[PDB]
file query_39.pdb (PDB, N, CA and C atoms)
ATOM      1  N   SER D 508      79.481  83.345  96.641
ATOM      2  CA  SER D 508      80.359  83.576  95.500
ATOM      3  C   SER D 508      81.773  83.944  95.960
ATOM      4  N   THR D 509      82.532  84.610  95.092
ATOM      5  CA  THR D 509      83.875  85.065  95.442
ATOM      6  C   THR D 509      83.795  86.397  96.185
ATOM      7  N   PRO D 510      84.884  86.788  96.867
ATOM      8  CA  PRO D 510      84.884  88.046  97.624
ATOM      9  C   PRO D 510      84.955  89.305  96.771
ATOM     10  N   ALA D 511      84.746  90.446  97.420
ATOM     11  CA  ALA D 511      84.859  91.746  96.773
ATOM     12  C   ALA D 511      86.313  92.200  96.769
ATOM     13  N   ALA D 512      86.581  93.331  96.124
ATOM     14  CA  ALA D 512      87.942  93.854  96.030
ATOM     15  C   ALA D 512      88.353  94.555  97.328
ATOM     16  N   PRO D 513      89.612  94.369  97.770
ATOM     17  CA  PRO D 513      90.083  95.129  98.936
ATOM     18  C   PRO D 513      90.118  96.632  98.668
ATOM     19  N   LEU D 514      90.201  97.428  99.731
ATOM     20  CA  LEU D 514      90.104  98.881  99.625
ATOM     21  C   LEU D 514      91.313  99.624 100.183
ATOM     22  N   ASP D 515      91.498 100.848  99.694
ATOM     23  CA  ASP D 515      92.498 101.772 100.220
ATOM     24  C   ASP D 515      93.885 101.167 100.393
ATOM     25  N   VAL D 516      94.505 100.767  99.290
ATOM     26  CA  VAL D 516      95.869 100.257  99.340
ATOM     27  C   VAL D 516      96.835 101.433  99.503
ATOM     28  N   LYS D 517      97.563 101.437 100.619
ATOM     29  CA  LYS D 517      98.433 102.547 101.000
ATOM     30  C   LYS D 517      99.846 102.037 101.256
ATOM     31  N   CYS D 518     100.817 102.946 101.246
ATOM     32  CA  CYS D 518     102.199 102.617 101.580
ATOM     33  C   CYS D 518     102.529 103.095 102.994
ATOM     34  N   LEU D 519     102.951 102.166 103.847
ATOM     35  CA  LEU D 519     103.325 102.498 105.216
ATOM     36  C   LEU D 519     104.788 102.928 105.302
ATOM     37  N   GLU D 520     105.653 102.262 104.540
ATOM     38  CA  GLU D 520     107.087 102.534 104.586
ATOM     39  C   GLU D 520     107.780 102.125 103.293
ATOM     40  N   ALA D 521     108.707 102.969 102.844
ATOM     41  CA  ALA D 521     109.473 102.729 101.626
ATOM     42  C   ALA D 521     110.966 102.710 101.927
ATOM     43  N   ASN D 522     111.672 101.748 101.337
ATOM     44  CA  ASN D 522     113.120 101.651 101.489
ATOM     45  C   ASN D 522     113.676 101.130 100.170
ATOM     46  N   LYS D 523     114.985 101.216  99.941
ATOM     47  CA  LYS D 523     115.523 100.651  98.703
ATOM     48  C   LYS D 523     115.480  99.119  98.683
ATOM     49  N   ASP D 524     115.507  98.470  99.845
ATOM     50  CA  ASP D 524     115.478  97.006  99.863
ATOM     51  C   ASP D 524     114.055  96.449  99.983
ATOM     52  N   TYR D 525     113.120  97.217 100.542
ATOM     53  CA  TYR D 525     111.730  96.746 100.608
ATOM     54  C   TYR D 525     110.696  97.863 100.790
ATOM     55  N   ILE D 526     109.464  97.567 100.379
ATOM     56  CA  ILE D 526     108.342  98.505 100.509
ATOM     57  C   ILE D 526     107.154  97.843 101.204
ATOM     58  N   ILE D 527     106.748  98.385 102.349
ATOM     59  CA  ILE D 527     105.655  97.802 103.131
ATOM     60  C   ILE D 527     104.317  98.444 102.781
ATOM     61  N   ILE D 528     103.353  97.620 102.372
ATOM     62  CA  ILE D 528     102.020  98.114 102.029
ATOM     63  C   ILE D 528     100.928  97.476 102.886
ATOM     64  N   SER D 529      99.812  98.195 102.997
ATOM     65  CA  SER D 529      98.652  97.758 103.768
ATOM     66  C   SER D 529      97.356  97.981 102.998
ATOM     67  N   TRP D 530      96.272  97.399 103.502
ATOM     68  CA  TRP D 530      94.955  97.568 102.896
ATOM     69  C   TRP D 530      93.832  97.335 103.901
ATOM     70  N   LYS D 531      92.611  97.619 103.463
ATOM     71  CA  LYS D 531      91.409  97.385 104.250
ATOM     72  C   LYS D 531      90.688  96.191 103.627
ATOM     73  N   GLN D 532      89.874  95.490 104.410
ATOM     74  CA  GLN D 532      89.209  94.284 103.919
ATOM     75  C   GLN D 532      87.929  94.633 103.174
ATOM     76  N   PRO D 533      87.630  93.884 102.098
ATOM     77  CA  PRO D 533      86.464  94.165 101.252
ATOM     78  C   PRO D 533      85.165  94.183 102.048
ATOM     79  N   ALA D 534      84.158  94.879 101.531
ATOM     80  CA  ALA D 534      82.894  95.014 102.239
ATOM     81  C   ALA D 534      81.996  93.781 102.146
ATOM     82  N   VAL D 535      82.337  92.844 101.264
ATOM     83  CA  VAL D 535      81.542  91.627 101.084
ATOM     84  C   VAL D 535      82.424  90.389 100.902
ATOM     85  N   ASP D 536      82.257  89.372 101.749
ATOM     86  CA  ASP D 536      83.027  88.132 101.600
ATOM     87  C   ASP D 536      82.337  87.114 100.683
ATOM     88  N   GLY D 537      81.091  87.388 100.307
ATOM     89  CA  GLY D 537      80.383  86.557  99.346
ATOM     90  C   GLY D 537      79.818  85.260  99.904
ATOM     91  N   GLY D 538      79.735  85.169 101.230
ATOM     92  CA  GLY D 538      79.150  84.017 101.901
ATOM     93  C   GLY D 538      80.137  83.081 102.578
ATOM     94  N   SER D 539      81.396  83.103 102.145
ATOM     95  CA  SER D 539      82.445  82.288 102.760
ATOM     96  C   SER D 539      83.509  83.167 103.422
ATOM     97  N   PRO D 540      84.051  82.730 104.575
ATOM     98  CA  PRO D 540      85.066  83.575 105.215
ATOM     99  C   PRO D 540      86.335  83.661 104.370
ATOM    100  N   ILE D 541      86.978  84.824 104.375
ATOM    101  CA  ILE D 541      88.154  85.055 103.549
ATOM    102  C   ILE D 541      89.356  84.261 104.050
ATOM    103  N   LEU D 542      90.015  83.571 103.124
ATOM    104  CA  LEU D 542      91.140  82.709 103.452
ATOM    105  C   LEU D 542      92.471  83.446 103.389
ATOM    106  N   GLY D 543      92.533  84.524 102.615
ATOM    107  CA  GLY D 543      93.759  85.292 102.514
ATOM    108  C   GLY D 543      93.813  86.270 101.359
ATOM    109  N   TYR D 544      95.005  86.830 101.159
ATOM    110  CA  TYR D 544      95.239  87.864 100.159
ATOM    111  C   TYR D 544      96.490  87.591  99.331
ATOM    112  N   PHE D 545      96.474  88.071  98.091
ATOM    113  CA  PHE D 545      97.633  88.019  97.209
ATOM    114  C   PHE D 545      97.982  89.435  96.752
ATOM    115  N   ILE D 546      99.267  89.781  96.805
ATOM    116  CA  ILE D 546      99.734  91.126  96.459
ATOM    117  C   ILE D 546     100.483  91.120  95.129
ATOM    118  N   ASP D 547     100.181  92.099  94.273
ATOM    119  CA  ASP D 547     100.865  92.248  92.991
ATOM    120  C   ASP D 547     101.512  93.632  92.869
ATOM    121  N   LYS D 548     102.635  93.691  92.149
ATOM    122  CA  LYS D 548     103.387  94.929  91.922
ATOM    123  C   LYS D 548     103.619  95.182  90.427
ATOM    124  N   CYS D 549     103.739  96.454  90.042
ATOM    125  CA  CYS D 549     104.047  96.808  88.653
ATOM    126  C   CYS D 549     104.926  98.062  88.525
ATOM    127  N   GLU D 550     105.955  97.984  87.683
ATOM    128  CA  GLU D 550     106.828  99.132  87.426
ATOM    129  C   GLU D 550     106.087 100.155  86.563
ATOM    130  N   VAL D 551     106.176 101.423  86.961
ATOM    131  CA  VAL D 551     105.332 102.494  86.419
ATOM    132  C   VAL D 551     105.372 102.732  84.904
ATOM    133  N   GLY D 552     106.515 102.518  84.264
ATOM    134  CA  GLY D 552     106.609 102.721  82.826
ATOM    135  C   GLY D 552     106.270 101.472  82.038
ATOM    136  N   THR D 553     105.901 100.408  82.749
ATOM    137  CA  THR D 553     105.617  99.113  82.137
ATOM    138  C   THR D 553     104.212  98.605  82.495
ATOM    139  N   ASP D 554     103.767  97.549  81.813
ATOM    140  CA  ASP D 554     102.491  96.904  82.120
ATOM    141  C   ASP D 554     102.675  95.457  82.618
ATOM    142  N   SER D 555     103.792  95.176  83.289
ATOM    143  CA  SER D 555     104.094  93.819  83.760
ATOM    144  C   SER D 555     103.763  93.657  85.240
ATOM    145  N   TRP D 556     102.697  92.914  85.524
ATOM    146  CA  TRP D 556     102.301  92.607  86.896
ATOM    147  C   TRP D 556     102.933  91.293  87.342
ATOM    148  N   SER D 557     103.419  91.256  88.580
ATOM    149  CA  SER D 557     103.973  90.030  89.136
ATOM    150  C   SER D 557     103.463  89.819  90.553
ATOM    151  N   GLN D 558     103.107  88.578  90.860
ATOM    152  CA  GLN D 558     102.641  88.219  92.190
ATOM    153  C   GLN D 558     103.841  88.200  93.132
ATOM    154  N   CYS D 559     103.668  88.770  94.321
ATOM    155  CA  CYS D 559     104.773  88.974  95.258
ATOM    156  C   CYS D 559     104.953  87.861  96.283
ATOM    157  N   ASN D 560     103.848  87.274  96.730
ATOM    158  CA  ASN D 560     103.880  86.268  97.786
ATOM    159  C   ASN D 560     103.341  84.938  97.295
ATOM    160  N   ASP D 561     103.990  83.863  97.728
ATOM    161  CA  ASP D 561     103.639  82.528  97.278
ATOM    162  C   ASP D 561     102.332  82.081  97.914
ATOM    163  N   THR D 562     102.248  82.202  99.236
ATOM    164  CA  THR D 562     101.048  81.804  99.967
ATOM    165  C   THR D 562     100.262  83.004 100.454
ATOM    166  N   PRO D 563      98.939  82.839 100.606
ATOM    167  CA  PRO D 563      98.142  83.998 101.000
ATOM    168  C   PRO D 563      98.417  84.433 102.426
ATOM    169  N   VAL D 564      98.539  85.741 102.591
ATOM    170  CA  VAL D 564      98.740  86.362 103.884
ATOM    171  C   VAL D 564      97.372  86.639 104.502
ATOM    172  N   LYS D 565      97.250  86.414 105.804
ATOM    173  CA  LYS D 565      95.967  86.543 106.486
ATOM    174  C   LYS D 565      95.651  87.971 106.906
ATOM    175  N   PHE D 566      96.688  88.773 107.130
ATOM    176  CA  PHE D 566      96.499  90.100 107.708
ATOM    177  C   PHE D 566      96.700  91.272 106.735
ATOM    178  N   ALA D 567      96.562  92.486 107.264
ATOM    179  CA  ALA D 567      96.572  93.716 106.469
ATOM    180  C   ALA D 567      97.916  94.396 106.184
ATOM    181  N   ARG D 568      99.042  93.710 106.346
ATOM    182  CA  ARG D 568     100.320  94.311 105.951
ATOM    183  C   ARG D 568     101.257  93.347 105.238
ATOM    184  N   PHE D 569     102.073  93.872 104.330
ATOM    185  CA  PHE D 569     103.043  93.028 103.643
ATOM    186  C   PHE D 569     104.271  93.802 103.145
ATOM    187  N   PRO D 570     105.480  93.237 103.344
ATOM    188  CA  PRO D 570     106.710  93.834 102.822
ATOM    189  C   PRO D 570     107.095  93.272 101.457
ATOM    190  N   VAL D 571     107.169  94.148 100.463
ATOM    191  CA  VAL D 571     107.502  93.756  99.100
ATOM    192  C   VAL D 571     108.998  93.910  98.864
ATOM    193  N   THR D 572     109.599  92.847  98.330
ATOM    194  CA  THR D 572     111.014  92.799  97.981
ATOM    195  C   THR D 572     111.190  92.508  96.494
ATOM    196  N   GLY D 573     112.438  92.317  96.072
ATOM    197  CA  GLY D 573     112.737  92.027  94.681
ATOM    198  C   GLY D 573     112.730  93.286  93.840
ATOM    199  N   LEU D 574     113.062  94.407  94.470
ATOM    200  CA  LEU D 574     113.009  95.714  93.823
ATOM    201  C   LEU D 574     114.354  96.151  93.249
ATOM    202  N   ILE D 575     114.292  97.114  92.332
ATOM    203  CA  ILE D 575     115.475  97.761  91.779
ATOM    204  C   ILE D 575     115.550  99.174  92.344
ATOM    205  N   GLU D 576     116.721  99.550  92.843
ATOM    206  CA  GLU D 576     116.901 100.855  93.462
ATOM    207  C   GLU D 576     116.641 101.963  92.430
ATOM    208  N   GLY D 577     115.774 102.909  92.785
ATOM    209  CA  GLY D 577     115.475 104.058  91.944
ATOM    210  C   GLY D 577     114.224 103.954  91.090
ATOM    211  N   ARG D 578     113.755 102.736  90.848
ATOM    212  CA  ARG D 578     112.546 102.529  90.057
ATOM    213  C   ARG D 578     111.292 102.715  90.908
ATOM    214  N   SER D 579     110.196 103.094  90.257
ATOM    215  CA  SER D 579     108.919 103.312  90.931
ATOM    216  C   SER D 579     107.917 102.204  90.619
ATOM    217  N   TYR D 580     107.067 101.885  91.592
ATOM    218  CA  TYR D 580     106.109 100.794  91.452
ATOM    219  C   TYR D 580     104.708 101.193  91.904
ATOM    220  N   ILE D 581     103.701 100.524  91.347
ATOM    221  CA  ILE D 581     102.334 100.607  91.850
ATOM    222  C   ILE D 581     101.915  99.206  92.277
ATOM    223  N   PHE D 582     100.941  99.115  93.179
ATOM    224  CA  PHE D 582     100.558  97.834  93.770
ATOM    225  C   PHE D 582      99.052  97.583  93.733
ATOM    226  N   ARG D 583      98.664  96.306  93.738
ATOM    227  CA  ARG D 583      97.250  95.941  93.873
ATOM    228  C   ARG D 583      97.111  94.663  94.699
ATOM    229  N   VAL D 584      95.945  94.473  95.315
ATOM    230  CA  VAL D 584      95.705  93.313  96.173
ATOM    231  C   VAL D 584      94.426  92.564  95.810
ATOM    232  N   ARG D 585      94.495  91.241  95.932
ATOM    233  CA  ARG D 585      93.381  90.346  95.642
ATOM    234  C   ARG D 585      93.012  89.507  96.867
ATOM    235  N   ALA D 586      91.717  89.385  97.155
ATOM    236  CA  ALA D 586      91.247  88.541  98.257
ATOM    237  C   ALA D 586      90.802  87.175  97.733
ATOM    238  N   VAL D 587      90.947  86.135  98.555
ATOM    239  CA  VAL D 587      90.530  84.786  98.155
ATOM    240  C   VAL D 587      89.782  83.997  99.246
ATOM    241  N   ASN D 588      88.795  83.207  98.816
ATOM    242  CA  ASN D 588      88.093  82.253  99.683
ATOM    243  C   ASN D 588      87.933  80.897  98.985
ATOM    244  N   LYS D 589      87.219  79.962  99.612
ATOM    245  CA  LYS D 589      87.089  78.610  99.057
ATOM    246  C   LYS D 589      86.377  78.593  97.701
ATOM    247  N   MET D 590      85.562  79.608  97.428
ATOM    248  CA  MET D 590      84.864  79.679  96.149
ATOM    249  C   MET D 590      85.797  80.152  95.043
ATOM    250  N   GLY D 591      86.789  80.974  95.388
ATOM    251  CA  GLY D 591      87.754  81.441  94.405
ATOM    252  C   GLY D 591      88.432  82.766  94.716
ATOM    253  N   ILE D 592      89.031  83.350  93.680
ATOM    254  CA  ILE D 592      89.739  84.619  93.783
ATOM    255  C   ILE D 592      88.877  85.729  93.187
ATOM    256  N   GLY D 593      88.705  86.811  93.938
ATOM    257  CA  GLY D 593      87.877  87.922  93.508
ATOM    258  C   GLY D 593      88.625  88.919  92.652
ATOM    259  N   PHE D 594      87.928  89.985  92.271
ATOM    260  CA  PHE D 594      88.526  91.060  91.490
ATOM    261  C   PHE D 594      89.579  91.784  92.328
ATOM    262  N   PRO D 595      90.640  92.295  91.681
ATOM    263  CA  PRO D 595      91.676  93.022  92.425
ATOM    264  C   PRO D 595      91.232  94.414  92.865
ATOM    265  N   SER D 596      91.944  94.980  93.833
ATOM    266  CA  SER D 596      91.673  96.334  94.300
ATOM    267  C   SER D 596      92.071  97.370  93.256
ATOM    268  N   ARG D 597      91.697  98.619  93.510
ATOM    269  CA  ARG D 597      92.147  99.730  92.686
ATOM    270  C   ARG D 597      93.640  99.923  92.949
ATOM    271  N   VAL D 598      94.401 100.306  91.927
ATOM    272  CA  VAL D 598      95.846 100.465  92.085
ATOM    273  C   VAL D 598      96.208 101.608  93.039
ATOM    274  N   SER D 599      97.299 101.420  93.773
ATOM    275  CA  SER D 599      97.814 102.432  94.695
ATOM    276  C   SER D 599      98.552 103.548  93.962
ATOM    277  N   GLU D 600      98.955 104.569  94.713
ATOM    278  CA  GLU D 600      99.819 105.617  94.180
ATOM    279  C   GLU D 600     101.196 105.022  93.929
ATOM    280  N   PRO D 601     101.959 105.601  92.988
ATOM    281  CA  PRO D 601     103.305 105.078  92.730
ATOM    282  C   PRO D 601     104.255 105.312  93.902
ATOM    283  N   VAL D 602     105.138 104.351  94.153
ATOM    284  CA  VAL D 602     106.115 104.448  95.233
ATOM    285  C   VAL D 602     107.496 104.077  94.707
ATOM    286  N   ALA D 603     108.501 104.845  95.114
ATOM    287  CA  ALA D 603     109.863 104.657  94.632
ATOM    288  C   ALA D 603     110.694 103.920  95.670
ATOM    289  N   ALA D 604     111.602 103.071  95.200
ATOM    290  CA  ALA D 604     112.465 102.333  96.103
ATOM    291  C   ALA D 604     113.687 103.183  96.407
ATOM    292  N   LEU D 605     113.584 103.942  97.491
ATOM    293  CA  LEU D 605     114.646 104.834  97.932
ATOM    294  C   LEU D 605     114.575 105.002  99.439
ATOM    295  N   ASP D 606     115.735 105.060 100.081
ATOM    296  CA  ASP D 606     115.790 105.315 101.513
ATOM    297  C   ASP D 606     115.382 106.758 101.822
ATOM    298  N   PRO D 607     114.654 106.972 102.936
ATOM    299  CA  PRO D 607     114.245 108.333 103.315
ATOM    300  C   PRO D 607     115.409 109.262 103.658
ATOM    301  N   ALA D 608     115.127 110.563 103.662
ATOM    302  CA  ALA D 608     116.094 111.588 104.049
ATOM    303  C   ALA D 608     117.333 111.565 103.157
TER     304      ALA D 608
END

call {"tool": "encode", "arguments": {"input": "query_39.pdb", "output": "structure tokens"}}
result
Amino acid sequence: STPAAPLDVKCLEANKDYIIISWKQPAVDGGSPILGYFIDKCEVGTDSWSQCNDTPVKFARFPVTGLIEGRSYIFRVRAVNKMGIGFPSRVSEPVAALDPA
């Protein structure tokens, strides 16, 4: 079948121009090897989800761009294989687009 949801979506680094996020791979691939992942972002006061990357990324890190300085976002990740796209991960903690210090 399709894969399981990825786990533990965390923020590695936050900046006003980009936010780097990571995740762990789902506990079940459903019989087919995983082909990649799709990352989605959402502004905290809104319910608008948008896909961040055009093609699936193979590994556990991704830099998100297209942000507005000062706004906060939450993120989710979806795994995919030849059978299809699985359920998304649990949403991450909110992260603000601001330079450190």

call {"tool": "resolve_selection", "arguments": {"input": "query_39.pdb", "expression": "the PyMOL selection byres ((chain D and resi 567) around 8)", "output": "ChimeraX atom specification"}}
result
/D:528-532,564-566,568-569

call {"tool": "closest_residue", "arguments": {"input": "query_39.pdb", "among": "D:606, D:554, D:547, D:515", "to": "residue 534 in chain D", "atoms": "only C-alpha atoms"}}
result
D:515

call {"tool": "atom_distance", "arguments": {"input": "query_39.pdb", "atom1": "atom C of residue 548 in chain D", "atom2": "CA of residue 508 in chain D"}}
result
26.5 Å

call {"tool": "resolve_selection", "arguments": {"input": "query_39.pdb", "expression": "the PyMOL selection byres ((chain D and resi 563) around 6)", "output": "PyMOL selection string"}}
result
chain D and resi 543-545+560-562+564-565

call {"tool": "closest_residue", "arguments": {"input": "query_39.pdb", "among": "D:542, D:595, D:509, D:526", "to": "residue 573 in chain D", "atoms": "all atoms listed in the file"}}
result
D:526

call {"tool": "select_by_dssp", "arguments": {"input": "query_39.pdb", "residues": "chain D", "states": "strand (DSSP E or B)", "output": "ChimeraX atom specification"}}
result
/D:514-521,526-531,543-550,556-558,564,568-571,579-588,591-592,602-603

call {"tool": "atom_distance", "arguments": {"input": "query_39.pdb", "atom1": "atom N of residue 517 in chain D", "atom2": "atom C of residue 537 in chain D"}}
result
24.0 Å
